[PDB]
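Please treat every number below as a calculation from the coordinates, not as lab data. As a convention, Cβ positions derive from the backbone with ideal geometry for all residues, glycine included, and neighbour counts pool all protein chains shown.
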Amino acid sequence: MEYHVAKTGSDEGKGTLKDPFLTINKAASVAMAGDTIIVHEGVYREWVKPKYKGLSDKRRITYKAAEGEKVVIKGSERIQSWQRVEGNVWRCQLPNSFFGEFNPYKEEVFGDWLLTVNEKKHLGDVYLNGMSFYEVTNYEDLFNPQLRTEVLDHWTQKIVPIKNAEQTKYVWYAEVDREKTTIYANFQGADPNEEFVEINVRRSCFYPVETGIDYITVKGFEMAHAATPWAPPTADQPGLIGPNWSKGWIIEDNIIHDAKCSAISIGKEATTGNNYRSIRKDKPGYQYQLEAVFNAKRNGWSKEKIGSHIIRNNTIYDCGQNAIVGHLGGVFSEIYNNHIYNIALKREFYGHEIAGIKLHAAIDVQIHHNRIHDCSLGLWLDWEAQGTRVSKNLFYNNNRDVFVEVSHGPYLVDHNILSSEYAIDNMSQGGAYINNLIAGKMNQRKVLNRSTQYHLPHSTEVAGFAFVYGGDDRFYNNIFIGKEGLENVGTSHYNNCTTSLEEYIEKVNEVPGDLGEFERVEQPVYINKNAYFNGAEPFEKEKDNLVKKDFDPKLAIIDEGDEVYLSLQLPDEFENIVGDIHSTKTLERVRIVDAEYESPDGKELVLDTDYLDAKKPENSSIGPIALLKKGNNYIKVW
Amino acid sequence: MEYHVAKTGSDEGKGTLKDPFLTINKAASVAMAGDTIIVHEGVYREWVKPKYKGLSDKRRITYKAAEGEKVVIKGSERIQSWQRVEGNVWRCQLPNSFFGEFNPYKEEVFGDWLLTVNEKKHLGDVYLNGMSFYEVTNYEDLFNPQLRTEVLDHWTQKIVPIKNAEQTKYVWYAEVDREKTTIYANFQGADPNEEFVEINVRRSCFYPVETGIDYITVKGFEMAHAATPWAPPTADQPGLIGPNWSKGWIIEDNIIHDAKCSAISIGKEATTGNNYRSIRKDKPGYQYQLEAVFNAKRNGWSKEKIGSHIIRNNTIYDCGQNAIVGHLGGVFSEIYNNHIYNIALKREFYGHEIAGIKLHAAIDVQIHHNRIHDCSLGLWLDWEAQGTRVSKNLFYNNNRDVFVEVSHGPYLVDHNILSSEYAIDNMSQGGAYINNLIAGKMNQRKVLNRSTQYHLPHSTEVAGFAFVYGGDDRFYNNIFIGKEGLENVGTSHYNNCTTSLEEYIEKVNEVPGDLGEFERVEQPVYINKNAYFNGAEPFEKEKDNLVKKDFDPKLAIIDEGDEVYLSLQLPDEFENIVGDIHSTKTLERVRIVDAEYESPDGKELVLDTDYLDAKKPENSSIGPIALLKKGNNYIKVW
Amino acid sequence: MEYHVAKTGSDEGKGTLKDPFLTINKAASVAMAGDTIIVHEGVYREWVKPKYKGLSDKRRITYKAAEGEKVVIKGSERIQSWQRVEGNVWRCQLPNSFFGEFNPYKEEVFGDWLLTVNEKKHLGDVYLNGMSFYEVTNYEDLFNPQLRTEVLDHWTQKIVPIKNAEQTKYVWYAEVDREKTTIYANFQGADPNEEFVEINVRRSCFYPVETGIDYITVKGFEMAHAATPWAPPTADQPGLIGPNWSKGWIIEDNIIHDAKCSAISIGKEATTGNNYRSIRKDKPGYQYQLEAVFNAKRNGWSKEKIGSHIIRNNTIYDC
Ligand SMILES: O[C@@H]1[C@@H](O)[C@@H](O)OC[C@H]1O
Ligand SMILES: O[C@@H]1[C@@H](O)[C@@H](O)OC[C@H]1O
Ligand SMILES: O[C@@H]1[C@@H](O)[C@@H](O)OC[C@H]1O
Ligand SMILES: O[C@@H]1[C@@H](O)[C@@H](O)OC[C@H]1O
Ligand SMILES: O[C@@H]1[C@@H](O)[C@@H](O)OC[C@H]1O
Ligand SMILES: O[C@@H]1[C@@H](O)[C@H](O)OC[C@H]1O
Ligand SMILES: O[C@@H]1[C@@H](O)[C@H](O)OC[C@H]1O
Ligand SMILES: O[C@@H]1[C@@H](O)[C@H](O)OC[C@H]1O
Ligand SMILES: O[C@@H]1[C@@H](O)[C@H](O)OC[C@H]1O
Ligand SMILES: O[C@@H]1[C@@H](O)[C@H](O)OC[C@H]1O
Ligand SMILES: O[C@@H]1[C@@H](O)[C@H](O)OC[C@H]1O
Ligand SMILES: O[C@@H]1[C@@H](O)[C@H](O)OC[C@H]1O
Ligand SMILES: O[C@@H]1[C@@H](O)[C@H](O)OC[C@H]1O
Ligand SMILES: O[C@@H]1[C@@H](O)[C@H](O)OC[C@H]1O
Ligand SMILES: O[C@@H]1[C@@H](O)[C@H](O)OC[C@H]1O
Ligand SMILES: O[C@@H]1[C@@H](O)[C@H](O)OC[C@H]1O
Ligand SMILES: O[C@@H]1[C@@H](O)[C@H](O)OC[C@H]1O
Ligand SMILES: O[C@@H]1[C@@H](O)[C@H](O)OC[C@H]1O
Ligand SMILES: O[C@@H]1[C@@H](O)[C@H](O)OC[C@H]1O
Ligand SMILES: O[C@@H]1[C@@H](O)[C@H](O)OC[C@H]1O
């Protein structure tokens, strides 16, 4: 059945093209496997809750915007009952019943790893013609807010410009008592009843209220203004849109924005752990997180039941925690051709869960061909990045590009453009960095007081757990570019490491013993055919490299809106360093997990296509794009 | 069917009382669930291999010695083909076929955690009228061996007397080529063909060659001379007798001795891990051990299929590694009323697997009413001692009594007599030490570089894994006795610990954060109503205790052969301390595992009977025996 | 490491091309993940038992015949100790130790779903210049066997031609006592000591004795004459060659023949069920089979641990 939803409809109707339903949730309450729901032009202010599940990739339930029609799903409501208090501050008042059981003005940003605990923030928000406001703590702060033009990036401790300074003068404050919710805001001269002013009301826009609602496709919608909660790996992880612990969703061709915390969630649900560290306070989030993995294994977490979602061709921006988030629920998923930007720039709250994309246990997840910029952190893979492949992505204008934490691999980072000045946080082992352009520093550190799980290949089955001893990384065919005063760009971080698993084994076994003898020897690194320009430094034992500290590539990423270009100068010597095609055969297995770099189906992986998807021969230029050559280069990269 | 085996029988017979079989293995090849095999007087030189399984506790397959008859199963053969070489050295030669696939003179003591790697030892042995010999490395060492009267105990680094000094002059050496096995030995003047001289030949005496041969009872035999291999938790763990990865055995009323390494094994089998650290050399045994736990979970390791064995009323002695050993295969078992002595005293080889009883993952195992003495280490619980209860045991004349390593509890040590000068090695957390007599030091240490599993209660299901942060121990009603020059007796070890979980939580949560904030606060200890004599020292914050540094109890354990007595003097103030009866209600839950001290069935545990099995009154005196009193005490304890 | 095995070798050698081992099982006892075992021209009368496992599709242990060389692994032995009894019937006698723990002349074709219960058959066999014989039940049946040219196909109940009619006149019968095995056979006029006469001896040709020996490749061999047992789904299922409950084998480019029952087995092992219907007789094989599926699931039967084998480019016949 093909159901239709339109603003001329009725929920008492048949749901046909000629007698359509009025709300998307009515269609969601009757559609069954194989059905399609076509939504016609309009703004639908509701939280859509798919009731029945799709039964296979063939028998999905598809929700889509009608061809050529603009369909918006919003979690907000327009408010036209404001009254002027004094100056530019206005006030509205609503019955608590307006919000039901979830009131964004009462609910706080709260939970494990949230660090800004002194100034409480809430899940509400106020918008003036689409622009969100900044929450203030006290009524008095409403009247003469100060324009701010700079802000401290918490992780890098660097003062950076505020992207939208004017927005810093628009503030809101609310109070909720037993009966009413009262919201105040400074509109800086505008009349909020005349302008288009909205407030957050609902938690999500498209998200099942039961788990296991598999095989849903959601396509072609604009979705916005969701009061989503802080979403650490140790809690339920709702988002503006997400599968809620199920398998096989396809979220595509959507424009998603203004999720308070995370926009798309492919995370976990509450029964396997819900902020126990913050509520019970007896054990740290670290301890409760490794327990949640086993709780989930008992609650069906496996390829058969959870994951294998596809998130493609979406534009996601202006969210406070993440464009995409999730622990466990994203295993075996694919994330590609998305444009992600402006994530967590307002910095109203901070904690260790923020990034354009953050995934915990991203087992065999493929993240490729995405454009990620203007984020405090572009991508964060945290625990169990086993089989994960980050390939052919464009990262720029981020405070940091990529962070791979407490993982053991095998994980692959290939053919990417990592152009920010702080390119990689590496608190893992088992990585392979192949054919990337890396123009920023790498902070590489061991993690000896946290052990985290590893798995059987291509599975959620647990094989063991380990601490991060550091090293056991491969770097081949990368172009590194440093800059004045910037330290730690390149691969010199590994200078004390062994250079082969054979050397490591020989050194450890020189004197009889067990763990202590292994701990005294540094793990191997496999590094060759990299170039180092403008201050980047190589691993001292690399055999074949090109080092020209004096050469300045003058790299620039030029964003022209829908298109993006890369400008780069390369030295004549670039023609003389040639890269090999890497594959499962050429990449040494990781030591602790004892696994190969394979495709998700267990077959050989061959890295013979570049960032522009051009097939390359046996001997080609190093770096992400085969077309790069000595001299001037100007290449369209998006 | 009741099958009979007798030395007047025939394996071509019917196996009845009137027409009995000749070998025990013939009966083992035909007996089925519910049958009994009765073995008549004689020495049976064979390895019995139960073929079919018992099907329930009711439908067991029972192997027993005929009432009032002496039945011996031996892995050796008597050798009467010795020829004098020179002096007191004699030689015999056998075809390699005499040993089949397993030749003790070729097989080495080998594997993970074996520390004596310089001079290789083998699994063979030579006996003169029952007395085993010492292996020597070179042919030349056979001729004038030197009497040794003292030896270094490896762990304690103390020089101690050799129990049987004369035995040190009896030595053997062997060579195996592609055709023959040649064995040389110094008989110090005796004629080995006239005396009764035996050599090890077979690996085991009573042990299935297939796993899953459940519900077998083995009763009333003497078994001896088995060439058993080094048995670490990361390898197959064969023994002289054992269930070989199955459920429900009862091993009772047997006299077992002269197993090269371990005598009774309730350990694991090879498919879940087999000396990978020693063979592959890429990862430590630590890493391969935690992997073997998950390999076994996938290979049916659960209460439904493995464990629940009963080992009772046996006498086990003169073994080189352990009287009882086992990783995983012993879950939910009961070990009681056994007499274990002379374990690993020859010190021909050493490594981290030696103890009278060593069990890894002794989940809900009950070890009680055992007499363990003259061992280098009496009891070693290593990893996953969750629910384990060590109660009413008698430990004396051991270099060390009890070692609980890398465990998280809840584990209970109650009403025991630990009389050795080095009483406890505690490298765990989550313990409860209740009503013991502890006359030696405790070495307590954190373990921050190894994380090990913990489980759901009463189950093999994995709940998580943790490092040992130290503390989270309970000590109530114990009598501690120090000695001149002996440090670390008592509970002062915990002086920097918090005194309740409430205090720990309040201190950790003073400053916001996660794991680092928990790590900076010491775990709680629950200590009260203990006595400290002769130099023992208390936890400074203990509220109610009795400390008399100048009172000397003059403890003595008097072993008269079949009976043992405890001689102890107590001060007048002794009965001023009134101990409480401890139970699930009185014992605070362990922190990391978040579990209670319960009975194996999940119900309340009440510690209301003492070492002599007397019911304890609400208002009892402390220590292991309620009848202890001020003044002189002379009590039969065995 | 690339190990070599050749008839000019020694198991006391290093196992290199210049100093090769003599038996394939010697190489199988030392090869580790990533190694290759190259076997040179010859007939290897042994049961090869891979000891260590391969660790991935990349780090396999590969056993292969040397390029262009004919390598045969057989479970039989040639017998040249035949004595004529009478007419065309000859006899040989072998101490039971010649067979060890598995004697094909004692072992019966037995088990769940076997229907020919009246006349017992055994796992032994006799071959004359490669042609197997037909077992007969009694000593007297050896002397004047009758040529048969048609036979009843049991399922279809149709009488069909016997493909090799002449073979029906070649019969064997054996007796096993406490000390030795006596095998009789009618050679129809040929001298079995002069012709090439073989008898089954070993159960398998290439099969691990432990389960979990993953990622082995076996390529390019001729393998033949294995005394394999009846292999229903409710029993251990050994074959002439097989992975024995593991993952990732590649069995390719081999010529396999004359397995008594099954040649290549990718079946189950004994612990999940072993002819309980036939031995216990309380429940049918149907009931025990559905139970074996759950017993195997508890034992880790899953894509991660079992299966994903490749059997390709082989010629398998006369089983
Ligand atoms: O940190 C942000 C930076 O990455 C860029 O997007 O400009 C705006 C800043 O707030
Ligand atoms: O390279 C970084 C850039 O991408 C942006 O985020 O501003 C801060 C710089 O350090
Ligand atoms: O040896 C190769 C291995 O790398 C795997 O990927 O399968 C293909 C094989 O050819
Ligand atoms: O260490 C041993 C000690 O515990 C006692 O048994 O006497 C003999 C010593 O070897
Ligand atoms: O107390 C110990 C005793 O039990 C024996 O082992 O000899 C050494 C002493 O330290
Ligand atoms: O593989 C995907 C398939 O599962 C889906 O149905 O359509 C899109 C494809 O990319
Ligand atoms: O003046 C402050 C303003 O700068 C910020 O954006 O919102 C908080 C206000 O108090
Ligand atoms: O995940 C499931 C949860 O959604 C349901 O509410 O409770 C049962 C769980 O298995
Ligand atoms: O356990 C995760 C940890 O590795 C990271 O630092 O951020 C906090 C949690 O998301
Ligand atoms: O690089 C991309 C890879 O990462 C993805 O998994 O499959 C498509 C490729 O182009
Ligand atoms: O400034 C934004 C830009 O970064 C994005 O790429 O396109 C949308 C603009 O609002
Ligand atoms: O299970 C029974 C056990 O409880 C008892 O102690 O000994 C006999 C066994 O059959
Ligand atoms: O003391 C003996 C020594 O002389 C011999 O070499 O090795 C065996 C010991 O018992
Ligand atoms: O992993 C075990 C370890 O904890 C102990 O020290 O002995 C070695 C192993 O048996
Ligand atoms: O430890 C316990 C012991 O004290 C009691 O006497 O018998 C049951 C055991 O579990
Ligand atoms: O220690 C004693 C031992 O020496 C003796 O041989 O048998 C009894 C044991 O208690
Ligand atoms: O059942 C017991 C309950 O009554 C008590 O309150 O807590 C301890 C439990 O064992
Ligand atoms: O040899 C190849 C094997 O390794 C792969 O797994 O499947 C394809 C085969 O050709
Ligand atoms: O004569 C019979 C023959 O036809 C058959 O092949 O083997 C059995 C003999 O009895
Ligand atoms: O434990 C079992 C092992 O004994 C058998 O050999 O192979 C299957 C395993 O499940």
- Task: Rank the residues C:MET32, A:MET442 as a footprinting-exposure proxy: fewest other Cβ atoms within 10 Å of their Cβ go first.
- Result: C:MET32, A:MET442
- Shielding score for A:502-514, defined as the mean number of other chain Cβ atoms within 10 Å: 3
- Task: May I ask you to derive the FRET efficiency for C:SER29 and B:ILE310 from their Cβ-Cβ distance with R0 = 35 Å, giving the value to the nearest 0.05?
- Result: 0.35
- Any idea how far apart A:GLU510 and A:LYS14 come out in nm if each label point goes 7 Å out from Cα toward Cβ? 8.5
- Task: Would you mind checking the tilt of helix A:285-298 against the longest principal axis of the Cα atoms of chain A, expressed as 0 to 90 degrees and rounded to 10?
- Result: 80
- Query: Across peptide A:592-602, what mean number of C-beta atoms from other chains lies inside 10 Å of a residue's C-beta?
  - Reply: 3
- Once the Cβ-Cβ distance between B:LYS281 and B:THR156 is put in as r, and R0 is 30 Å, what FRET efficiency do you end up with, to the nearest 0.05? 0.50
- Task: Would you mind counting up the charge near C:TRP47? Only other residues with Cβ under 11 Å from its Cβ, with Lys and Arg at +1 and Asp and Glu at -1.
- Result: +4
- Mean-position separation - Cα centroids, the stretch A:227-249 and the stretch A:431-507, in angstrom: 30
- Message: Only four residue types carry charge here, +1 at the Cβ of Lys and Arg and -1 at the Cβ of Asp and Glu. Report the dipole size of chain A about the Cα centre in Debye, rounded to the nearest 20.
- Response: 1220
- Could you put B:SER278, C:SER81 in order, starting from the residue whose Cβ has the fewest other Cβ atoms within 10 Å? C:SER81, B:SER278
- The rounded separation in angstrom of the Cα centers of the stretch C:176-214 and the stretch A:123-171 is 89
- Query: Tell me, in nm to one decimal, what length is gained between A:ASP601 and A:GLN569 on full extension, where the rule is 0.36 nm per residue of separation less the Cα-Cα distance?
  - Reply: 7.6 nm
- Note on the structure: In the neighbourhood of A:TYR317 defined by beta carbon distances under 10 Å, the net charge of the other residues (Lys, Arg +1; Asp, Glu -1) is -3
- Message: Per 0.36 nm of contour for each residue apart, how much would the distance between B:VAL209 and B:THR116 grow if the chain were fully extended, relative to their Cα-Cα spacing?
- Response: 30.5 nm
- Check B:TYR63: other-chain or 5+ apart residues with amide H under 5 Å from its amide H, H built from backbone geometry? B:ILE37, B:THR217, B:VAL218, B:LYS219
- Site C:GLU194, offset 7 angstrom along Cα→Cβ, radius 16 Å on amide nitrogen, limited to the stretch C:89-120, gives C:89-90
- Can you give the relative contact order of chain C as a percent, counting alpha carbon pairs under 8 Å and 6+ residues apart? 17
- Where labels lie 7 Å past Cα in the beta-carbon direction, separation of C:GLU2 and C:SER81 in nm: 4.1
- Roughly how many Å is it from the Cα centre of the stretch A:305-383 to that of the stretch C:274-297, as a whole number? 50
- Message: What does the charge count around B:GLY75 come to, taking other residues whose C-beta lies under 14 Å from its C-beta (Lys +1, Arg +1, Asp -1, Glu -1)?
- Response: -1
- Towards the positive end of the charge dipole of the stretch A:160-211, with charges on Cβ (+1 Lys, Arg; -1 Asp, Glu), say which of A:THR182, A:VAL209, A:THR168 has the farthest Cα. A:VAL209
- Message: Taking a virtual spin label 7 Å from the Cα of C:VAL43 along the C-beta vector, which residues in the stretch C:65-97 bring their backbone nitrogen under 11 Å of it?
- Response: C:72-80
- First check a/c for chain B, with a ≥ b ≥ c the square roots of the eigenvalues of its C-alpha gyration tensor; if it is under 1.5, answer rounded, and if not, answer prolate when a/b is larger than b/c or oblate otherwise. prolate
- Mind checking the dipole of the stretch B:546-638: about its Cα centre, +1 per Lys or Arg Cβ, -1 per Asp or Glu Cβ, Debye to the nearest 20? 280
- Message: Calculate the FRET efficiency for B:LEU486 and A:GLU502 from the Cβ-Cβ distance with a Förster distance of 56 Å, rounded to the nearest 0.05.
- Response: 0.70
- Query: Taking neighbour counts of Cβ atoms within 10 Å as a proxy for exposure, in what order, fewest first, do B:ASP401, A:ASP282, C:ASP153 appear?
  - Reply: C:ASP153, A:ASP282, B:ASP401
- Counting DSSP beta bridges with both partners in the protein assembly as shown, what percentage is antiparallel, nearest 5? 35
- Item | Relative contact order, percent, the stretch A:75-202 [alpha-carbon distance under 8 Å, six or more residues apart] | 41
